[PDB]
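**Student:** Here it is, the structure in full.
Using ideal geometry, Cβ is built from the backbone for each residue, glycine included, and neighbour counts are taken over all protein chains shown. Since every read-out is calculated from the coordinates, none of them should be taken as a lab result.
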DNA sequence: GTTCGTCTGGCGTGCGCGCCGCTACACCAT
RNA sequence: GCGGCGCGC
DNA sequence: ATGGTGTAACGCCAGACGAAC
């Protein structure tokens, strides 16, 4: 039976173990044990905690006293108790008699000697002292040495870890020392917990008032530093006197940090406080989170984990460095585990009451300490800066800490030219740590979740730890490979984008415009004689100008941060450590600037390590340029290349004079990417040997409608496979145009039949009308939403008879659904099968769980306020999540098998990026793995899995029999031959 | 002039003679989870001061019958008074996201107008009033920009000061001041701004409307 | 049988009623009808356009108007109000949804004259949509005007079949002349009040 | 007290990330 | 936290 | 120039509730 107050006391004792304040824990424990009503609140874990403390300090007398309080509780000593006793005897070098009596008393209590080294939380110093104690009586006691790590024996992952085969794992372009220095820069950056970036907004304008404002803010910040230090020490004295009594308080938690770090943290939160205010509770959660985080940082700093991580990482870099070899070629995870690995652990977070109490304590202290005058131009009256307002934030009323308007105007006049980012928000300056477990990877000091469960859902992670380790190896390797991709900022593209950004902007090219370009209302109000309607007209006009101004401010700030990060990384090589969501798709961890971003974000990024073009590098760059322009989507590859050779002059002109030339790149679909590609091709053709030109630009190969490709592969649908380029074809097949044609022939049939709706739709059935619907069907579009999309595609035509929206949209959604029922019969059968299966499974009161063909467990988190499952989001969300897990598996297989060939691989879910020299290889792997994925009985393994998982509980037999009936009703596959995918040119193009 | 400001603050309009002839008032402030009132006489003596915390209102449903039950049980604990002053918030029929609050308050303000006006059916004299909250904030100088600040510090000063001889602004009975102080200290860790703003509203009502 | 009436009242308490007041209010007017246990319309009237719904929601004006309105009503065992289908999701109908609630608030507080002592509810909310379904006035889950049916109750006498409602001989002239004087104006409250009383007796008391 | 049936009403393309902001406007007076 | 937008698949 | 004050349309499933043994 755990209790809140018991949690507070236990956290107090453990925190006292952290602060080495043993007399404090002994005082509180003795006072609590001495009282009748307080002795009942104590637990064996607390006595074992103080016991372990005196064991670490070598206090035999105090440990015997604690043992007396254990037997007088009267509880019984367990594994941790005997571990503490043995540790104290070993550290104090006791005689072998007391240790022997300890082993015989332990044998009489029934405890095992190995269960102590397996079930007790002891550091390597504690383990070493306990081992030294056991070796005095039992010198031939050895822990089981486990060295070999098992290799994944999955069907699809067998060849990745099998030693049979010539591996050519790629190495970075950087030497060993340079990589070690990058590790030092990233380690320093994460130890600082803050990153300062120069703001790319406006140039060097010192001004007059800004200097005085900055001076005033500096003086006020020093005064607040002194006040916060004094109030912090006084608060520590008060909480210490509260510990002098038999009550728990947050004194040792305040004794966890260097105080100056606390004051700097509070001043940082005060500087970053928004002008409108924040929820007091959320502020408390932020202060507690940062306090705990900096506590973890200092703890790793002082416990030697950072130094051991240096010795580990520097030897890990031998595999990635260019001027270093390894004994045997292997994957990064394999070499990392072969080096040590200690892995260590992270301090388990405090209970929620401790966090809230500490956060509110620090916030209120910040309110009491910070003061300022009336400002302006010192003042006779002096007031605080932060105030409680008790306003309404989100429906429920909540207390909001609000800054004084003088402080807001002071910060706005100061115009601080620097921006602050979190260490985890910016790309890592060195290769990330390889993923070895769902709890250790990505950043070196900050922990990173393996799955992107929103808001700490806790559900998925335990199921990630439950499966055998090898089952995850595949994913754990893929996420490492994406992370080890070295990126760099394209200086030309950044210079142009900044030149546009700092002046007037260009929203046509995805460059947000400053508030100076916001639409102004012409002219100012002229009330009130006339007219009462003009007041509301100008009211709505002002509302529109304020709306446009606000949205422009949003894009301006977002692009300000993204472009500032790009500028800070201009002369640096950085890495993007990757992560997963609950379904399995990969995402970079730095969210601001990454290759999953917009057009501008992509153009700023290029591979840090280059690659010689070779025989077809330049040609693939030209095809890639035509693809980025989007001008030859329907044409085959040969006509794309010939088109590039045609507009070669406009390519070179666009590369030479981007903003002053013909501006041919500005007309492309992806303008900035086309511009960078134009620069790459321009440099390539002007070299003496184009075949040797080293290219850094990533080439994309994307799967057209990847979801329909995986559905058609699951159902072996012939027509559908032909539609999404699964069958080999000389020209790329458009599924949207085909659906439009099928709906057209249905329209002619119903037009001859006598239907009024089909007669008015003559000559209006186009691709754009059904594009959004057909595209969004894979995500669960129903007849209603598809009807709304068709409505949205019928109202803007203007050349269409009046409204007639109901008949045309209803008939058109029925004909699109029917057309997809003919082209994708097996697809709709599988979607309905998964939908019904999730309906029954979630109707039985259990969330939907499954396993990907690579061994990754996926769970859906949809619940309703244990918490009952939200069956609606389960049944509607199961199919799309399953398809997404499939394309994630395909992408990961492509990544691993490309790594076996030494290629640089990055991915945007279904867009596979590599060097121009290796595109032909990637497309050969991309198809191969795809054919190898759907060749396995995915639907059969899923059905049998759900039968063994949910049709096994003998409680209800009705739902076990109907559910076993539907799960075993797997739809029969079609006639399509999957091998044809290996010869499809436009499957990924 | 003064009458116009007295018309921005008090609604509905009450005769100034009858308003200045009050012997005791009850100042009521209600939120989404609590309601608090304070009974003060013309001698600025806090005859009573309490709140009915933890109710079954809000929480997604707006049942008029449950509102009648809760409000009736709440007014069953209130003594008789010459005038009942409520809090008039600055909520408007705009801000569509927070309309649930503006409805709730109105329901409260509706039934409180109907249940406390015990003699209105015969004489048509209002005994329930609406006092502007922002003006109460301006009176105590608790305004910062366009947002009212917490009046907790002013209540704490009124409660824990022994000097301040002559014009303490408020008086606490000896048989009840212990309960008031223990109540304040028991609610110091929680945000109970209705409890404070009710007493502040009573004092402001007496200083602005009764003893001008 | 309780899906329409809220709060829950013991069916015995409902079947022992001697007289009810059926109240239906709109945005500009309010109407009521007094019917006894013998289905005799003891009273049936409405107040001319009131001063509420004028852009502002002043509780003092609501108290004055509602008090003057209920001052003209006789004593009854139960007072039935309309519970509309307005939802808190229809931001366009927020002015209406507020108004009704204010009404429903004060009528609950002012008409429950004995609730402070015995705690027994005498003001109820009857589902309007169910009243529509009872008289088969539904067209696409939307209520139509029951004006023609009220006209039949007022002017058609012995329909060679049991009457559903009775009008006192000394008041039939006032009722029919009221109907014909208000036929050109939108007075759906006047009709839906009488229809609601009849529906209450047929559904709750004499099933 | 639990389970089953009915009805009424809400929903009707999925996940991943990022900005900003939470009575208003006009005029008169200092 | 909701709301206003924007972005990737 | 800045601040204050005055005025202005359908179908389907599911969650919940009530009745029945």
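**Student:** Being over 23 Å from residue C:34 (Cβ atoms), more than 7 Å from chain B (Cβ to nearest Cβ) and surrounded by fewer than 20 Cβ atoms within 10 Å (Cβ to Cβ) narrows it down to one of C:98, C:93, so name that one.
**Tutor:** After ruling out the rest, the residue left standing is C:93.
**Student:** Given the conditions (1) within 14 Å of another protein chain (Cβ to nearest Cβ); (2) surrounded by 19 or more Cβ atoms within 10 Å (Cβ to Cβ), which single one is not true for residue C:131?
**Tutor:** Exception for residue C:131: condition (1).
**Student:** Another one. Residues in the stretch A:491-500: is at least one within 21 Å of the chain's Cα centre (by Cα) and surrounded by 14 or more Cβ atoms within 10 Å (Cβ to Cβ)?
**Tutor:** no
**Student:** Still on this structure, I have one more. List pairs: first residue in the stretch B:1-26 and farther than 13 Å from residue B:128 by Cβ, second residue away from RNA strand E (no atom under 16 Å from the Cβ) and in a loop (DSSP other than H, G, I, E, B) anywhere in the structure, Cβ distance under 7 angstrom, at least six positions apart or on different chains.
**Tutor:** Final answer for the pair search is B:7/B:13; B:22/B:42; B:22/B:82; B:23/B:42; B:23/B:82; B:24/B:42; B:24/B:81; B:24/B:82.
**Student:** For the stretch A:345-437, which fully contained strands (runs of 3 or more DSSP E) count at least 1 residues that are more than 15 Å from DNA strand D (Cβ to nearest atom)?
**Tutor:** A:371-373, A:382-384, A:386-388, A:433-437
**Student:** Do you know which residues across the stretch C:112-149 are in contact with a strand residue (DSSP E or B) (Cβ under 7 Å, 6 or more places away or on another chain) and either under 16 Å from residue C:23 (Cβ atoms) or away from DNA strand F (no atom under 16 Å from the Cβ) (or both)?
**Tutor:** Scanning the stretch C:112-149 gives C:112, C:122, C:123, C:124, C:125, C:126, C:127, C:128, C:137.
**Student:** Starting from residues that are more than 30 Å from residue A:498 (Cβ to Cβ) and near DNA strand D (Cβ under 10 Å from one of its atoms), keep the ones in the stretch A:541-558 and report whichever is nearest to the other protein chains (Cβ to nearest Cβ).
**Tutor:** A:543
**Student:** Determine, yes or no, whether residue C:43 is exposed (fewer than 15 other Cβ atoms within 10 Å of the Cβ), away from every other protein chain (no Cβ under 14 Å) and more than 25 Å from residue C:11 (Cβ to Cβ).
**Tutor:** no
**Student:** Any chance you could count how many residues in the stretch A:398-437 are within 16 Å of RNA strand E (Cβ to nearest atom) and within 14 Å of chain B (Cβ to nearest Cβ)?
**Tutor:** 6
**Student:** Name the residues in the stretch C:183-203 that are surrounded by 15 or more Cβ atoms within 10 Å (Cβ to Cβ) and under 15 Å from residue C:148 (Cβ atoms), would you?
**Tutor:** C:187, C:188, C:190, C:191, C:192, C:194, C:195, C:198 - these are the residues of the stretch C:183-203 that are surrounded by 15 or more Cβ atoms within 10 Å (Cβ to Cβ) and under 15 Å from residue C:148 (Cβ atoms).
**Student:** List the number of the failed condition for residue A:355; all other conditions in (1) away from RNA strand E (no atom under 16 Å from the Cβ); (2) in contact with a helix residue (DSSP H, G or I) (Cβ under 7 Å, 6 or more places away or on another chain) hold.
**Tutor:** With (1) away from RNA strand E (no atom under 16 Å from the Cβ); (2) in contact with a helix residue (DSSP H, G or I) (Cβ under 7 Å, 6 or more places away or on another chain) applied to residue A:355, the lone miss is (1).
**Student:** A further question follows. For the condition away from RNA strand E (no atom under 16 Å from the Cβ) and crowded, with 16+ Cβ neighbours inside 10 Å, what is the one hit in C:6, C:15, C:72?
**Tutor:** On inspection, the qualifying residue turns out to be C:6.
**Student:** If you don't mind, there's one more thing I want to ask. Among the residues of the stretch A:104-125, what is the count of those that are within 13 Å of residue A:86 (Cα to Cα) and touching a helix residue (DSSP H, G or I) at 6+ places or on another chain (Cβ under 6 Å)?
**Tutor:** Number satisfying all stated conditions: 3.
**Student:** Residues that are more than 14 Å from every other protein chain (Cβ to nearest Cβ) and closer than 21 Å to residue B:187 by Cβ: does the stretch B:14-34 have at least one?
**Tutor:** So far as the stretch B:14-34 goes, yes, one or more of its residues are more than 14 Å from every other protein chain (Cβ to nearest Cβ) and closer than 21 Å to residue B:187 by Cβ.
**Student:** Can you tell me which condition residue C:68 does not meet? The list is (1) touching a strand residue (DSSP E or B) at 6+ places or on another chain (Cβ under 9 Å); (2) over 19 Å from residue C:195 (Cα atoms); (3) within 16 Å of DNA strand D (Cβ to nearest atom), and all the others hold.
**Tutor:** (3)
**Student:** If residue A:547 satisfies every condition in (1) within 14 Å of DNA strand F (Cβ to nearest atom); (2) in a helix (DSSP H, G or I); (3) surrounded by fewer than 16 Cβ atoms within 10 Å (Cβ to Cβ) but one, which is the exception?
**Tutor:** Every condition holds for residue A:547 apart from (1).
Matching residues to (1) within 42 Å of the chain's Cα centre (by Cα); (2) crowded, with 21+ Cβ neighbours inside 10 Å; (3) assigned to a helix (DSSP H, G or I):
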{"position": "A:51", "(1), (2), (3)": "yes, yes, yes"}
{"position": "A:56", "(1), (2), (3)": "yes, no, yes"}
{"position": "A:62", "(1), (2), (3)": "no, no, yes"}
{"position": "A:73", "(1), (2), (3)": "no, no, no"}
{"position": "A:85", "(1), (2), (3)": "no, yes, yes"}
{"position": "A:90", "(1), (2), (3)": "no, yes, yes"}
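**Student:** Here is a follow-up. Kindly evaluate residue A:550 against the criterion of being within 16 Å of RNA strand E (Cβ to nearest atom) and within 35 Å of the chain's Cα centre (by Cα).
**Tutor:** Yes; evaluated as a whole, the condition is true for this residue.
**Student:** Right, something else. Any residue at all in the stretch B:150-161 that is in contact with a strand residue (DSSP E or B) (Cβ under 6 Å, 6 or more places away or on another chain), closer than 30 Å to residue B:4 by Cβ and away from every other protein chain (no Cβ under 14 Å)?
**Tutor:** no
**Student:** Give just the number: which of (1) part of a loop (DSSP other than H, G, I, E, B); (2) within 14 Å of another protein chain (Cβ to nearest Cβ); (3) within 16 Å of DNA strand D (Cβ to nearest atom) does residue C:141 not satisfy?
**Tutor:** The one condition residue C:141 does not meet is (2).
**Student:** Taking the stretch A:823-866 as the search range and keeping residues that are within 16 Å of RNA strand E (Cβ to nearest atom) and more than 28 Å from residue A:891 (Cβ to Cβ), which one is nearest to the other protein chains (Cβ to nearest Cβ)?
**Tutor:** By that ranking, first place goes to A:865.
**Student:** Being in contact with a helix residue (DSSP H, G or I) (Cβ under 6 Å, 6 or more places away or on another chain), crowded, with 20+ Cβ neighbours inside 10 Å and within 30 Å of residue A:334 (Cβ to Cβ) is the requirement here; does residue A:179 meet it?
**Tutor:** Answer is yes for this residue.
**Student:** Here's something else I'd like to know. For residue A:931, indicate whether it is surrounded by fewer than 20 Cβ atoms within 10 Å (Cβ to Cβ), over 22 Å from residue A:707 (Cα atoms) and touching a helix residue (DSSP H, G or I) at 6+ places or on another chain (Cβ under 8 Å).
**Tutor:** No, not satisfied.
**Student:** I'd like the residue in the stretch A:586-595 that is within 7 Å of DNA strand D (Cβ to nearest atom) and outside any strand (DSSP E or B) and, out of all such residues, is nearest to the other protein chains (Cβ to nearest Cβ).
**Tutor:** Ranking the qualifying residues of the stretch A:586-595, first place goes to A:591.
**Student:** Then there's this: Sort out which residues of the stretch A:184-215 are in contact with a strand residue (DSSP E or B) (Cβ under 9 Å, 6 or more places away or on another chain) and outside any loop (DSSP other than H, G, I, E, B), and write them in order of number.
**Tutor:** Within the stretch A:184-215, A:186, A:189, A:190, A:194, A:195, A:196, A:197, A:198 qualify.
**Student:** Is it the case that residue A:642 is surrounded by fewer than 16 Cβ atoms within 10 Å (Cβ to Cβ) and more than 16 Å from DNA strand D (Cβ to nearest atom)?
**Tutor:** yes
**Student:** Taking only the stretch C:101-128 into account, find how many residues are within 25 Å of residue C:75 (Cβ to Cβ), within 11 Å of chain B (Cβ to nearest Cβ) and within 18 Å of the chain's Cα centre (by Cα).
**Tutor:** Number satisfying all stated conditions: 16.
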